[PDB]
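As the structure lists them, so they are numbered: ligands from 1, and atoms in each ligand from 1. Counting begins at 1 with the first residue of the sequence. What you see below is based on every heavy atom in this structure, not just the backbone, and it leaves out hydrogens, waters and symmetry mates.
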Amino acid sequence: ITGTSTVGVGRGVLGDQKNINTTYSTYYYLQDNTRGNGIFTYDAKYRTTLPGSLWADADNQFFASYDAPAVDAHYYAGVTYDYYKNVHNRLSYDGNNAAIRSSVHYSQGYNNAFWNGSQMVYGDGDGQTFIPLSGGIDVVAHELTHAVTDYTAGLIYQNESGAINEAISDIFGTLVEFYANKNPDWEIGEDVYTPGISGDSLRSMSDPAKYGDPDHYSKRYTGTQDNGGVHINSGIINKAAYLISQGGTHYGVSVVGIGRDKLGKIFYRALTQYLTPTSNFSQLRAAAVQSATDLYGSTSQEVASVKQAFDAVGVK
Ligand SMILES: CC(C)C[C@H](NP(=O)(O)CNC(=O)OCc1ccccc1)C(=O)N[C@H](C(=O)O)C(C)C
Ligand SMILES: [Ca+2]
Ligand SMILES: [Ca+2]
Ligand SMILES: [Ca+2]
Ligand SMILES: [Ca+2]
Ligand SMILES: [Zn+2]
């Protein structure tokens, strides 16, 4: 909407206070004009029609329980925009400052979040499996990264290309979590998953097997559930990424870690310059090796470490 840029204040899903960029015109709207062509947050009102209504508030204060998922979707979309711009020189998900839209309060007891081709969508959870999913910065960045992938590599959402698609969202979700630097880790969704159980998460990149996912190509799922295991086989690539960054010895194969920033550079380049809609795991290895070669040189430690990591997870 047309109005003047303002700054509201509220509390997120985890009870933390934060400032949010809003727009004033009669009401204060969750419309952040400070980033690209805007970040817009909508209320789906427990229904499934999208996007719903642009979030409007009478007083620019967002401390109601109902407000919390909107505060976090809006704010974490901002952090994710900043990560892509500042770290990768990418302007929004399309590279041309496309407006970023999110809807919260989607459906009832909805234990998921997604990118629907046009916008991000967040359930509130059922209160047992999840609390409102926008409360996780890794979750918000995971979802926005699906948009980046769709605009770039275009990885088809099934089988190996789909597992790469998923891993890319977990990798950048995690790198954004480290960028914001609040309780960062290599787990996915820990801030919003199972409020009654401490110390767990939806997936682990450092040890995918902890939550039942493969950490070696020999253990890949080849059935039809989950679009051919896109959230399962992602563990193989997540493990490789973790090893590239942090190092380790995995099934007897030692990897020298090169750190998160270089992991991010290598995978961002692979995603945007080398991967295609049908890339498989072997092709991702080749894309990552070439990306590291471009950035650091063929004889670099960075290239050697990428090879070691894919060796460790059984991807040739
Ligand atoms: C980071 C997570 C908290 C959320 C994450 N959601 P996602 O974006 O991967 C769900 N994907 C999804 O709905 O794709 C289907 C689709 C939806 C709309 C248009 C095209 C394709 C996830 O891992 N979801 C899991 C799954 O869908 O298996 C669930 C179990 C949480
Ligand atoms: Ca208010
Ligand atoms: Ca964390
Ligand atoms: Ca995390
Ligand atoms: Ca938990
Ligand atoms: Zn996903």
Side-chain angles (χ1 to χ4, degrees), residues 12-14 16 44 48-51 69 72-73 76-77 79-80 93 101-104 106-107 109-126 129-151 153-159 161-181 183-195 198-206 208 211-213 221 223-235 237-238 242 260 271 277:
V13 175
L14 296 187
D16 58 319
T48 56
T49 52
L50 292 172
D72 280 345
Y76 294 143
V79 176
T80 305
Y93 53 87
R101 303 187 198 274
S102 308
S103 298
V104 301
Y106 177 81
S107 197
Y110 196 82
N111 289 320
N112 218 337
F114 59 100
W115 170 262
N116 80 338
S118 305
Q119 66 162 107
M120 291 175 282
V121 184
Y122 302 92
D124 288 329
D126 61 17
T129 301
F130 282 106
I131 61 177
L133 285 79
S134 59
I137 188 172
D138 54 2
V139 175
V140 171
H142 177 112
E143 305 312 330
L144 191 47
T145 297
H146 278 306
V148 175
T149 294
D150 292 353
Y151 272 86
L155 293 156
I156 299 155
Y157 203 63
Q158 70 172 1
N159 302 329
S161 61
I164 298 166
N165 182 317
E166 270 304 306
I168 289 290
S169 278
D170 285 347
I171 291 162
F172 291 106
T174 291
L175 291 176
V176 171
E177 184 171 308
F178 273 96
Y179 177 76
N181 196 32
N183 303 317
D185 49 58
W186 294 85
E187 307 289 289
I188 306 298
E190 70 285 345
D191 288 336
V192 294
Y193 186 62
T194 57
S198 79
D200 65 346
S201 65
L202 184 66
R203 294 182 285 278
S204 169
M205 301 181 69
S206 57
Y211 301 112
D213 297 324
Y221 174 74
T224 63
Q225 301 302 315
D226 184 36
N227 291 295
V230 302
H231 298 91
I232 298 170
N233 293 330
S234 56
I237 304 307
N238 284 345
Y242 174 81
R260 287 180 291 281
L271 181 66

Identity and distance of the protein heavy atom lying nearest atom 3 (C) of ligand 1: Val139 CG2, 3.7 Å

Ligand 1 N/O within reach of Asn116 N/O, cut-off under 3.5 Å: no

N, O or S of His231 under 2.8 Å from the Zn ion (ligand 6): no

Side chain to side chain, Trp186 and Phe178, heavy atoms closer than 4.5 Å: yes

Parallel, tilted or perpendicular: rings of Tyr151 and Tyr93 (30°, 60°): tilted

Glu143 side chain vs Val121 backbone, donor-acceptor pair below 3.5 Å: no

Where ligand 1 meets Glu166 - atom numbers and elements under 4.0 angstrom, heavy-atom basis: 9 (O)

CG-CG distance between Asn183 and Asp138, expressed to the nearest 0.5 angstrom: 11.0 Å

Ligand 1 versus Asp138: contacting region, heavy-atom distance under 4.0 Å: neither

Angle at the Ca ion (ligand 3) (to 10°), with one arm to OE2 of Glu190 and the other to O of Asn183: 170°

Verdict with supporting geometry, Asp213 and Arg203, salt bridge (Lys or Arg N to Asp or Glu O under 4.0 Å): CA-CA 8 Å; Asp213 297 324; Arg203 294 182 285 278; 5.7 Å; no

The Ca ion (ligand 3) - closest N/O/S atom in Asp185: OD2

Heteroatom test (N, O or S) for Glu166 near the Zn ion (ligand 6), limit 2.8 Å: yes

Closest to atom 2 (C) of ligand 1 among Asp150, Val140, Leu202 (heavy-atom distance): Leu202

Within-4.5 Å side-chain heavy-atom neighbours: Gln119 and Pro51: yes

Identity of the nearest option to atom 24 (N) of ligand 1, non-hydrogen atoms only, from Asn227, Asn112, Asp170: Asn112

Considering only N, O or S atoms of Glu177, the one closest to the Ca ion (ligand 3): OE2

Separation of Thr174 OG1 from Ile137 CD1 (nearest 0.5 Å): 10.5 Å

Under 3.0 Å: N/O/S of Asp191 next to the Ca ion (ligand 3): no

Criterion side-chain contact (heavy atoms from CB on, under 4.5 Å) on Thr145 and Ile168, from CA distance to verdict: CA-CA 7 Å; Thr145 297; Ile168 289 290; 3.7 Å; yes

Ligand 1 N/O within reach of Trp115 N/O, cut-off under 3.5 Å: no

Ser161 side chain reached by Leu155 side chain, heavy atoms, under 4.5 Å: yes

Protein contact to atom 14 (O) of ligand 1 [nearest heavy atom, distance to 0.1 Å]: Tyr157 CE2, 3.4 Å

Polar side chain donor-acceptor pair, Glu166 to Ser234, under 3.5 angstrom: no

Closest approach to the Zn ion (ligand 6) by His142, given as the N, O or S atom name: NE2

Nearest option to atom 8 (O) of ligand 1, as decided by whichever heavy atom of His142, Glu143, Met120 sits closest: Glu143

Heavy atom of protein inside 4.0 Å of atom 21 (C) of ligand 1, strictly below: no

From CA spacing to verdict: side-chain contact (heavy atoms from CB on, under 4.5 Å), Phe114, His146: CA-CA 8 Å; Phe114 59 100; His146 278 306; over 6 Å; no

Protein contact to atom 13 (O) of ligand 1 [nearest heavy atom, distance to 0.1 Å]: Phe114 CB, 3.5 Å

Worked verdict on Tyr211 versus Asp200 for side-chain contact (heavy atoms from CB on, under 4.5 Å): CA-CA 9 Å; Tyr211 301 112; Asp200 65 346; 3.9 Å; yes

Whether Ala113 lies under 4.0 Å from ligand 1, heavy atom: yes

Nearest option to atom 26 (C) of ligand 1, as decided by whichever heavy atom of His231, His146, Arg203 sits closest: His231

